[PDB]
Amino acid sequence: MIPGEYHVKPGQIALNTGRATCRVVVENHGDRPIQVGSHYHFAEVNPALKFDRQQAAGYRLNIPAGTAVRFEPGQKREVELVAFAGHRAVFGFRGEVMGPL
Amino acid sequence: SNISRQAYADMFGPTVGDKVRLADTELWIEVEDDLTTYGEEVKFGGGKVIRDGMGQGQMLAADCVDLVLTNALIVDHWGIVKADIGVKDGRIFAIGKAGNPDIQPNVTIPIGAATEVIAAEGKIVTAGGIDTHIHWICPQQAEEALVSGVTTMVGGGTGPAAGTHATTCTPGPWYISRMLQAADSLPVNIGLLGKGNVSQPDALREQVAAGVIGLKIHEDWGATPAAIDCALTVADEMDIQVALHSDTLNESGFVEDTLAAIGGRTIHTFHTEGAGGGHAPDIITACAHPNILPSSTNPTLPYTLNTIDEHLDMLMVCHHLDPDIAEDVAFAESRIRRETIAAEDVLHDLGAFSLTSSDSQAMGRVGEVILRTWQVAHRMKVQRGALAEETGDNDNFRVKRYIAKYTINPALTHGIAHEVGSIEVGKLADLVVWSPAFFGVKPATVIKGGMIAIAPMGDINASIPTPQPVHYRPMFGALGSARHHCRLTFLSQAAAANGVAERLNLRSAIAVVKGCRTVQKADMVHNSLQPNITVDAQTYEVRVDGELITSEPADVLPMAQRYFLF
Amino acid sequence: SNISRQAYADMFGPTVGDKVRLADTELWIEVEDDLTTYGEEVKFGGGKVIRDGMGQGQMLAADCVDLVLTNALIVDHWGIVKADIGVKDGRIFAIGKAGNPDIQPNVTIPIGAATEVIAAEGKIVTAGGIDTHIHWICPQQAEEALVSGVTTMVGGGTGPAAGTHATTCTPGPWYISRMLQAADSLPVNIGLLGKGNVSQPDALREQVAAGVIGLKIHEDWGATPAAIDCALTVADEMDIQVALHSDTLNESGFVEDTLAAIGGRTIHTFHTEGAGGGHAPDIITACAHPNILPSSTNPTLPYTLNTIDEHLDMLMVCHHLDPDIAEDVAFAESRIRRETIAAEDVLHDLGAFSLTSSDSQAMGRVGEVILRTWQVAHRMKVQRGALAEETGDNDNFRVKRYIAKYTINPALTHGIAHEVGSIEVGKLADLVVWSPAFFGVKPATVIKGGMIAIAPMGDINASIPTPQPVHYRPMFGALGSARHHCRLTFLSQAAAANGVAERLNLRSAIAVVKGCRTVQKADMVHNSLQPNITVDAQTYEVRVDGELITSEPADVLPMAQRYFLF
Amino acid sequence: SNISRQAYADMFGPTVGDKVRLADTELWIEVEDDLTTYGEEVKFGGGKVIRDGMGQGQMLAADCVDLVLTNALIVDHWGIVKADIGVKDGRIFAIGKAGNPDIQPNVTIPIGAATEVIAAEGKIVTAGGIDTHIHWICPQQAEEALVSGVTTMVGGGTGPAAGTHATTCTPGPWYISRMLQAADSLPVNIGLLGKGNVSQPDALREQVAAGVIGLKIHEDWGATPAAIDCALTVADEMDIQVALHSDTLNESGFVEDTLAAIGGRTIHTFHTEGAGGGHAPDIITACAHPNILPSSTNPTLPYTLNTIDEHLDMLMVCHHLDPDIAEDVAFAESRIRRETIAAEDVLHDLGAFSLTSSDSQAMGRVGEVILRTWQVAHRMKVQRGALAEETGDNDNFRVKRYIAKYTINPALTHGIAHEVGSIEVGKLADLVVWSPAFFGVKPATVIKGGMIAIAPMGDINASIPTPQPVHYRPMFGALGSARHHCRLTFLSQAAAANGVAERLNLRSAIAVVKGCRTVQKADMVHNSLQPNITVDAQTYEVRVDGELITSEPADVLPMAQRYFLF
Amino acid sequence: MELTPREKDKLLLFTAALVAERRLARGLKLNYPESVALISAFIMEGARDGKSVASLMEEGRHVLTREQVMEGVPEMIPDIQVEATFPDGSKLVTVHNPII
Amino acid sequence: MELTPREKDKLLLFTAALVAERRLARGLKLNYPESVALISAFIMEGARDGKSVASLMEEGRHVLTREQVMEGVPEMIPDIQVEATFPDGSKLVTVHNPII
Ligand code: NI
Ligand code: NI
Ligand code: NI
Ligand code: NI
Ligand code: NI
Ligand code: NI
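Residues numbered from 1 in each chain as written, not as in the entry; some residues may be left out. Chains lettered and ligands numbered in written order. Part of a larger assembly, values for the part shown. Heavy atoms only, no water.

Method of determination, as annotated in the archive: X-ray crystallography, at 2.0 Å resolution.

Chain E is annotated in the PDB entry as UREASE (GAMMA CHAIN) of Klebsiella aerogenes. The title line of the PDB record says "THE CRYSTAL STRUCTURE OF UREASE FROM KLEBSIELLA AEROGENES AT 2.2 ANGSTROMS RESOLUTION". Per UniProt, the comment on chain E under Pathway is "Nitrogen metabolism; urea degradation; CO(2) and NH(3) from urea (urease route): step 1/1." Taken directly from UniProt, the Sequence similarities text for chain E runs: "Belongs to the urease gamma subunit family." (UniProt positions renumbered as here; feature names shortened; annotations may be inferred.)

Going by the annotation in the PDB entry, the name recorded for chain A is UREASE (BETA CHAIN), with Klebsiella aerogenes given as the source organism. Here chain A is described in UniProt, under the heading Pathway, as follows: "Nitrogen metabolism; urea degradation; CO(2) and NH(3) from urea (urease route): step 1/1." UniProt annotates chain A under Subcellular location with the comment "Cytoplasm".

Spelled out as structure tokens, the structure:
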């Protein structure tokens, strides 16, 4: 007996189903580490990360909510992106869109 | 992408199908529904979701909530579901999916710059409890009750005076006025009960016009057919509730005579089992009636090995009885009965008894209403198994039936359900956050009117709020003017119309009671049973439809020695 | 029918002829009268008398009392009697026979639906004490005094500042204003004293107009003939009292010069024995004068084995004296005299000294004014026997003479007897309920303005209010607005007329002082003796009519180690 | 006549040339000046100077001060001098020579009947501290800070909610309104910070118009270039300050990008060393800029043997990080760096870092801002010796440079220096009296608005205020209305103009912030250095002009185990 | 720990009993508050051990005797009451005439 | 003494630990609050003695074992945190999974 214990049924949860995704190879050209959160507009991340910013427009990382991907200096890796939903309006970040799309 | 169910539970709390153990009891709840869109859950923290342009939008204050409880496991009379909770203007705005409509789907609770966040993932959230049997013996009772998870307190008293030690009555205009003023200083919603024992209607009307939301008929002041009729007549015209503690001595008549005096009019019977007071030995038969809203006080809940021994003495100091006077003691055995005490537990499990209450410092424990209600559910599960209404391999229905006993039913009985009593939109945001391991015992956070009023707090000088010693301390929602804005003082319609609030210069928000005369047993949520019950005048055996109703005394109970220092 | 006297006492408290021991002292009081009709006593409880149609009537609130103290043993300057006490609108309504005129005889205190009940059978009830020598060093002093049975506190201070550590003065308009505002937060009636040490009248008038009810002349600020004359001149025109702590150093003159400066004008002399301050070594000779109202501070009361040893050091930290400076220490032996300390006790027994006070945290104990007054009475009974005024085999007169010292006499001295000071109709209901075994030590209930403000209270979560731990806790009468309604802030007539209360937005009830210039030694109840007293300048021996006045130091005292944990 | 220097010091405190040790540190201050006329010093007590016609004059209240602190040793950014301090109308009236112009020479601070006295001979007096990094996690924080010597608290929060646990933000109009109301109940001056993380200006303007005096930009809500620009634009038009906790993850850019976003606009950088948050690993390079006002939070001050070990864990519970998530932990080593932690101490000694703060219960200790600031000064003296600016054989300059860090500089940074921050005429009388042996650890008296609000107080029932147990207890300046009159609630100019105070019915005095946009690094008193600093991206080594900046970890510190029970 | 007000209040009872305990050990005759605290604390530990209410109501009368307390003390304590968490929850124990 | 609020607050932790200490001595299995108080107090004394944060984070895991506490208690205490005045000032000690 463990007070307040869970009895989670086994299996998995499919995340962000029914949405467009794409894979992008990203490389950290900066000299300091960079970490990106799950809902950040990927196209507006730190300029030191080199990748096809055009393809990443309107996308965010296809990872569980609240997690992140770290890029050590010189690190190269392919990441999977998932498209923003809702109104598909972007405000904030580096201020590159500040509107729909 | 994909995530395993266990890792998911660890990050955002349990989801549909997952079961959770309530504290150290044998009760298990199962998430019936989840209002989220997997992958779009909102979480706060460094690099998390709730950030500008992401999980937080660009709306103005008017277009977003003031507070959001993220990933909560709601346990209420209407369901056990996973969802975000939005609070706006001190009230429940919505139960749904929170976030930013700009980039996320299905957002019903918008989060903006003006939104504070409470992380509830892994926690159970319930409405604040409502205790309708409070003896205002001392003001310290409010903090004790708030700490246990009770946010509304209805009762009567003037302090440690004989009348109050024995009855829930705030006698007359002057004392009623004084207590209403004092009420502004307490961090719980409050409603007062006047002395209803009089055979002259005007004496009662004055009290209602002064501010009480109900009248207590108590035998110590004379619970006679004349007094009862008078109180009910006034209650019927002023829309206030009547609470009853009948004639234990059978001095003016037996239970059938009292029932006859009531004449089918709506009335809340206090401690219906009788140990707390009432026609010996069959006051319990009252729960069979359509116009009777029955409640239990907590010392007899649940039936344990030490219950009887303890009661024989407790019943002396409360009612000012003399152990040296034969008549003052000889009736003890007629008032404390193993037979009705064992039956009371089953009657709750069947939904015949609809409310639980304390009877604070007058044969009841103010900080144990919630705790004891769950101990009874545990004991009944252990002894009787699944309820006829249960579905699935969980105790979901039993949980909804019992939580209703100290939340929505007390609210309905006293005409305040339009304001408090459950987690429904528009109601005051009186919420309690619980860690599953401490459910019903020690809350993580107690929210009043949308502001945290009390919570466990560690070393004030520490680098974080968690270092020892951790103990409950008053928060901003309990301070001066902020407190006034987050609590309600309930008044009768007549008092509200007479300008009583302005006259006494009451600072807190005011609410008016209504619908006290129209509620009946059928309106009690999940507890509307009207059993054909009888009590043998000689053996004291309780029977429903001829079958004997009884249970066995517990030797050990959950939510006890594992959690308390003393 | 018939009932034996013992069983009667056990049920309703003692009656005419019965004697009662005061705590663990040698003092015995005897009930002088009983206002009841035997068989018609009112008692509250299950099946008792105070019930609808029985001991409780059908009247409206306006025609019955709000509170009734049943079967009380009143101990006041006017008598020691058994009676019910009625309280209406926060004031004493009547002392008599309570009940319902419909079925009972001789009812003078009607009980109705609007009446709360306090069962006082077996208890002694007294007026609340009045301490007129308070140094407002810290606000915590109020709770300490209230717990001991003191309900009115007169004094001066701004907090833990040097001026206040040494003198009872709230210096000027700004500080006076600030303290009056702070006063609303304390559960005792309060009146402030300004700094009276100035030779320019206007500087004093401003202070009186600001709100003080008196002026303290203290040697630390310069108790010179010029300052004294100035203060008295202002006192005579503004109807406020002057408290004096004379020139111990004999710097400006001897006691005869100060007396000459006073010029027959009314004045309250603080700690008249001198240890607390005053012309060394004969300030005590002041009690011989008609215009002098003399009081004692409590550390010298009563003369014990440890008194002298303790005083030599205490007299340093208070007045900011340097033990390394010869002049600051050499006078210690001139200020602390065994001779006058032993005489002071007898002077109280004879009625030459009329008041007792504390001198809170400046050579005095705030929670021991009442306690010490009774210890002196005990010690005097033990040493001198019955007073010339006693009648019967009891200490009734000695008890009335001593209770007057901290109740009615302080009230008369400061012009507030029209409001407080005794249990008489029309006065504010500041009452203290005591169990005989704890009389003068630890009260059962402290009532302020008709609401219980503090009382011993057990476990808040318990089934009854009696379980341990039991300790004093604030009640509703001490909460916010209810407190404001049950306490009085005393103002000078000029301040009251100037609209000071409205200007500072004072929330409590306001009372105005009056009759401070017309009281004289002859007006002090049971303590009006003007002895022909002399003090030998060399031996310090006190003599009255040539006879030496002295007493012996106590090794053990009642109301001490049997009651206190530390 | 003549008196020896030692006897003089013992009587009136030290004078010109005398040195004093600060607590148990190695820091020594030397009295630079004395404003008295030898032989004419004012001292209070029996037979002392402050008496009618002597050191006290005949003036009316308007012509003399309400309070005088006699013979104080002032330690402020402008000097270390001996003088009397006059307080009138709750503000500093004069620093000079007190007394009576009638008989004494050079009197600049007149003492009359309306004057209270605080004896400060032998004590050090300083302005009250100002903590600008408060997380309003619980109200108990105010008493803790006041006890340590901090009288103004600026920060944000709604209580123990996730958002507040992590950031100093009071989100939106409703919560801002509620906290402003709650603020009236606390004995410290208060100013709130809103959530500045939004890319829509109107959402920020509403918050400023609601009452906040600044906006906190925090990474947990998204410290992006867009959010930063938006907050600063609003700050520039509404004259409020912006506090920054940058993007530690380097998610939106590196430190150079954030600096670029700031664009030379005025901004207060929180915990500039970075352990508390900020671009890893070079946020510290911000102190090189003219528009940046840099502060430190206190856990890293000063560098000790246990610092690193402790931080690795503390940085988890604050920001809601998961130790099981690689990304949530892997960066710990990038945020907690021995290199920058050791350099921070030297940067303070050089005047590159201008403020100290707590970061209450979110990686900081509310009661240790003052204490830790002095521990750093001690450690730097020990390691580096005299500062280039020192003159004489004392640490006078180092003391002025460090006291400015928690007094005047925080005041200037947030636009409240016109009201508080130092002991200068016209400023609110928020003063702290210290015994030299307890300097910076446990104060003798804490004065707010001219009334003592908290001080150590002994046994309430004792004959004097000094008997044990002695512990801090609230005084009159912390009670109800008196408190409202002695504290300030700071509002933005827009809020003040909109009638927010009247709308929420705020009872305390109101002050308006101004000059938040015009302050720059050059305005920081004694701490205006803009070093050419660099941080090696790989080694994390801090360099100024190419030279390595570092220090050694302390094994034992003063103001620690010798003073605390736990 | 998450101590509620009632748990903290009992810490005061416990500490008061520590005082009495040491004094009794020195061989002193206990006064009123010391006697109440000593017996009360004994009952609380009894409940922690799992003793029944019935057993404690009895055992509580054998903690202090008339020769271990000051004169008049037994008469000042007609009974002692205290609640504690038994295995079956909070229960009230009333000890009548505890000092004989 | 001039005790600040934080010092007084710690007196409450200390007293709570005295309770647990006596119960463990009687041979009882400690509950939740007793376990937290006992281990916490141990750490505070450790700091008074001058032990390092690193040492205490380790030693704290050997105060109580799974057989000395009630069922479910170890799971109710994933960690214990307490601050105290070390020779080098106040420091936070976090003991992970203290009961094994
Ligand atoms: Ni009842
Ligand atoms: Ni009741
Ligand atoms: Ni005096
Ligand atoms: Ni005095
Ligand atoms: Ni930060
Ligand atoms: Ni912070």
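Engineer: Sorry if this is basic, but what is going on with the relation of the copies chain B and chain D here?
Structural biologist: In this arrangement, two copies of a chain are superimposed by a rotation about an axis accompanied by a shift along the axis. With an RMSD of 0.0 Å, chain B superimposes on chain D once it is rotated by 120° and translated 0.0 Å along the axis. Each copy turns onto its partner about a three-fold axis. The C-alpha atom lying nearest the rotation axis in chain B is that of B:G480; the distance is 5.7 Å. Mapped onto chain D, only 2% of the interface residues of chain B again fall at the interface, so the copies present different surfaces. (Least-squares fit on C-alpha atoms. Contact = heavy atoms within 4.5 Å.)

Engineer: Where do I start with the interface of chain C and chain B in this structure?
Structural biologist: Many structure descriptions define interface size as the accessible area lost when the parts assemble. Counting from both sides, the interface comprises 53 residues of chain C and, opposite them, 62 residues of chain B. The largest share of the area that chain C buries against chain B comes from C:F44, C:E116 and C:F476, three residues that together contribute 16% of it. Linking chain C with chain B are 2 salt bridges, by the criterion used here. Between chain C and chain B we count 24 residue pairs in polar contact in total. Elements with a minimum of two residues in the side of chain C that touches chain B: β9 (116-119), β21 (451-457), β22 (471-474) and α15 (480-486) of chain C. Sorting elements by how many residues they give to the side of chain C that touches chain B places α15(C) first, with 5 residues. Among the residues forming the side of chain C that touches chain B, the class breakdown is 26 nonpolar, 18 polar and 9 charged. (Buried area = accessible area lost by both parts, 1.4 Å probe. Salt bridge = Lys/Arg side-chain N within 4 Å of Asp/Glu carboxyl O. Polar contact = N/O pair within 3.5 Å; in protein donor to acceptor, adjacent residues only side chain to side chain. Helix = DSSP H or I, 4+ residues; strand = E, 2+ residues; numbered from the N terminus. Nonpolar A, V, L, I, M, F, W, Y, C, P; charged D, E, K, R; others polar.)

Engineer: What's the story with the packing of aromatic side chains in this structure? I'm lost.
Structural biologist: Note on aromatic pairs: each is described by the distance of the centres and the angle between the planes. All names here are of chain B. In total, this model carries 33 aromatic pairs over all chains according to the counting rule given. A centroid spacing of 5.6 Å and a plane angle of 90° characterise the contact between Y8 and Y38, whose relative ring orientation is edge-to-face. Here the residue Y8 occupies a position in helix α1 (residues 5-12), and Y38 occupies one in the loop between β4 (33-34) and β5 (67-76), the gap between them amounting to 30 residues. On the accessibility criterion, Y8 (1% relative accessible area) is buried. Feature note: the residues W374, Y406, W434 and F439 constitute an aromatic cluster, connected by ring pairs. Positioned above the aromatic ring of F12 is the side chain of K43, whose terminal nitrogen or guanidinium carbon lies 5.2 Å from the ring centre. (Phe/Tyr/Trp six-rings, centres within 6.5 Å; stacked < 30°, edge-to-face > 60°. Buried < 20%, exposed > 50% of the residue type's maximum accessible area, 1.4 Å probe, protein only. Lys NZ or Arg CZ within 6 Å of the ring centre and 35° of its normal.)

Engineer: It is not clear to me how the coordination of the nickel ion (ligand 1) should be interpreted in this structure. Could you clarify?
Structural biologist: Geometry reference: four tetrahedral donors at a metal, ideal angle 109.5 degrees. Six octahedral donors, ideal angles 90 or 180 degrees. All names here are of chain B. Distances from the nickel ion (ligand 1) to its protein donors, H245 (ND1) and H271 (NE2), fall within 2.2 to 2.3 Å. A separation of 3.5 Å is found between the nickel ion (ligand 1) and the nickel ion (ligand 2). A residue pair is termed long-range when its members are at least 10 positions apart, and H245 in strand β16 (residues 241-245) and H271 in the loop between β17 (267-269) and β18 (292-296) qualify at 26 residues. Comparing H245 with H271, the two get one shared label, buried. (Donors = N, O, S within 2.8 Å, 3.2 Å for Na, K, Ca; no water.)

Engineer: For this particular structure, what's the right way to read the interface of chain B and chain D?
Structural biologist: Taken residue by residue, the interface counts 53 residues in chain B and 62 residues in chain D. Between chain B and chain D the total buried area reaches about 4600 Å² when both faces are included, carbon and sulfur atoms providing 62% of it. Counting across the interface, chain B meets chain D through 2 salt bridges. Linking chain B with chain D are 24 residue pairs in polar contact, by the criterion used here. For the side of chain B that touches chain D, the elements supplying multiple residues, two or more each, are β10 (116-119), β22 (451-457), β23 (471-474) and α15 (480-486) of chain B. A per-element tally of the side of chain B that touches chain D places α15(B) first, with 5 residues.

Engineer: Can you help me understand the sheet that holds strand β5 (residues 49-50) of chain A in this one?
Structural biologist: All names here are of chain A. Taking strand neighbours across the sheet as the criterion, the 4 strands line up as β5-β3-β8-β6 in an open arrangement whose pairing is antiparallel. Every interior strand has two partners, whereas the edge strands, β5 and β6 (59-61), have only one. In the sheet, β6 pairs with strand β8 (residues 76-83) via 3 bridges, with the strands oriented antiparallel. Across the sheet, residue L61 finds its bridge partner in β8, namely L81. (Pairing = 2+ DSSP bridges.)

Engineer: What am I meant to see in the packing of helix α12 (residues 369-384) of chain D against helix α13 (residues 396-403) of chain D here?
Structural biologist: How two helices pack is summed up by the angle between their axes together with the distance between the axes. Residue and element names in this part refer to chain D. Look at α12 against α13: their axes get within 10 Å of each other, and the N-to-C directions meet at 145°. Like other packed secondary-structure pairs, α12 and α13 cross with a definite hand, here right-handed. Of α13, the residues touching α12 (which contributes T373, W374, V376, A377, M380 and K381) are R398, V399, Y402 and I403. Each residue belonging to the contact of α12 with α13 can be placed in one class, and the counts come to 7 nonpolar, 1 polar and 2 charged. (Axes fitted to C-alpha atoms, helices over the stretch in contact; angles between N-to-C directions. Left-handed = near helix turned anticlockwise from the far one by under 90°.)

Engineer: What am I meant to see in helix α2 (residues 32-49) of chain F here?
Structural biologist: Each turn of an α-helix holds 3.6 residues, which means side chains three or four residues apart point in the same direction. Residues and elements named next belong to chain F. With 18 residues, α2 should cover 26 Å at 1.5 Å per step; its first-to-last C-alpha distance of 26 Å lies within 8% of that length. Most of α2 sits inside the fold, with 14 of its 18 residues counted as buried. Backbone geometry just after α2 places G50 at a positive phi near 100°. (Expected span 1.5 Å × (residues − 1).)

Engineer: Sorry if this is basic, but what is going on with the pairing of β16(B) here?
Structural biologist: For a regular strand, side chains alternate in direction, first toward one face of the sheet and then toward the other. Residue and element names in this part refer to chain B. The element β16 is extensively covered by neighbouring structure, given that 5 of its 5 residues are classed as buried. Burial along β16 is two-sided: the residues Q241, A243 and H245 and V242 and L244 are all buried. Alignment of strand β15 (residues 214-218) against β16, held across 5 bridges, turns out to be parallel. Opposite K216, over in β16, you have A243 as the bridge partner. Regarding the hand of the β-α-β motif, the stretch spanning β15, helix α6 (residues 225-238) and β16 is right-handed. (Right-handed = clockwise from strand over helix to strand, strands pointing away.)

Engineer: I would appreciate a short explanation of the arrangement of the chains in the present structure.
Structural biologist: With no contact formed, the shortest span from any C-alpha in chain A to any C-alpha in chain C equals 24 Å. One finds no contact linking chain A with chain E; the least C-alpha distance across the pair is 15 Å.

Engineer: It is not clear to me how the environment of D:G367 should be interpreted in this structure. Could you clarify?
Structural biologist: With respect to the helices and strands, D:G367 occurs in the loop between β18 (355-356) and α12. A residue is classified by how much of its surface remains accessible, and D:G367, at 2% relative accessible area, is buried. Each C-alpha atom, one on D:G367 and one on D:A142, is 9.3 Å from the other, the two residues being 225 residues apart in sequence. Ignoring sequence-local partners within four residues, the contact set of D:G367 consists of B:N461, D:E144, D:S148 and F:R6.

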